[PDB]
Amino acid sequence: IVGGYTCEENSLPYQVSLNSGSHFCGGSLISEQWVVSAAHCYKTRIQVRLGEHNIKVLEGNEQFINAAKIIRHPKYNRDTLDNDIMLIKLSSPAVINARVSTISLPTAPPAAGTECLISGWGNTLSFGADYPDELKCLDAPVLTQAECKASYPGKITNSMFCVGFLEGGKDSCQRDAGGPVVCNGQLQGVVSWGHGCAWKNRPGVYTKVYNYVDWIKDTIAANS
C-alpha cells in the first residue's frame, strides 16, 4: 500500500496472507473454509495465514492452514487479465473468533464516490522497494467507469473497476494482489493490476467481486 497508514492490530480479521516460500499475495476470508484471491496469484501449493498483523513476528493469534484446493476462474485470461479471481479452499476450517473473521460478499456492485478500505503488506513506494512487516490500510473512493476507461484505453474489461486517486500518491502495490477492497461492510474488489503504483492518472485496477457471487456460491457447494 502506497500512501496509506498502519492498521490497528485487531481491525481487519478477514485479511489473509498467502505464503509459498514467503508472503507473496493477500486474500479475503469469506467463510470458515474459503478464501478469495486473484487468479494471477496462482500457485500449485499455498499456505494460508490468518490473524496476521506483523507477518515477520509470531504473535500468538495466527492460524496456519494449507490450501486443499486452489481454483482459478475458468475464464481467466493471462494476456488481458479478464476474470482475475481465484478461490482457495482451506484444508481445515479456520476458527472464527475476534481476530479471524469473515467479510460479507457484495449484494450490489460498487458505486462511484464510495470510500473503500484497501489493505495489505504491499510495497509502500512508487519508485524503489520498502515492504512493511505490519499490515497497511488505505481509504480510497470508487472511480467512475469513464475515469477508469480513460485511464486505461483499450484495457478495462467488464470484470474490472478502479479505486483511488487520479493525482497519484495513494494506491496498492506489489504483494497487495489478491487482497480486499471493502466498502460499507462488503468485499467489492480484489487487488489485481495497474500501470506502476500510485502514478498520476493510473489508479489501481480491481476485480469486481459482485460479478462472481454466483460462481463463488456454486463453486463452494461443488466442493463441499
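Residues carry their position along the shown sequence, with the first being 1. The term rigid core refers to the maximal set of C-alpha atoms that superpose within 1.5 Å between the two forms.
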Exercise. Overlaying the structures in 4 other deposited structures of this protein on the rigid core, point out which of 57-65 and 174-182 has the bigger RMS C-alpha shift.
Key: 57-65
Practice problem: Would you mind working out which of 8-16 and 207-215 sits farther from this form in 4 other deposited structures of this protein by RMS C-alpha distance, with the rigid core as the fit? | Solution: 8-16
Exercise. Report the stretch with the higher mean CA temperature factor, choosing between 124-132 and 82-90 on the basis of the entry.
Key: 124-132
Quiz item: Taking the recorded C-alpha temperature factors, which stretch has the higher mean, 57-65 or 191-199?
Solution: 57-65
Practice problem: Comparing against every modelled residue in the chain, figure out the third that the C-alpha B-factor of residue 43 lands in (lowest, middle or highest). | Solution: highest
Quiz item: Compared with the other modelled residues in the chain, in which third is the CA B-factor of residue 21?
Solution: highest
Quiz prompt | Third of chain Cα B-factors occupied by residue 141 | solution = middle
Quiz item: Should residue 97 be placed in the lowest, middle or highest third of its chain by the C-alpha B factor in the entry?
Solution: middle
Practice problem: Among all modelled residues of this chain, ranked by Cα B factor, put residue 111 in the bottom, middle or top third, i.e. lowest, middle or highest. | Solution: highest
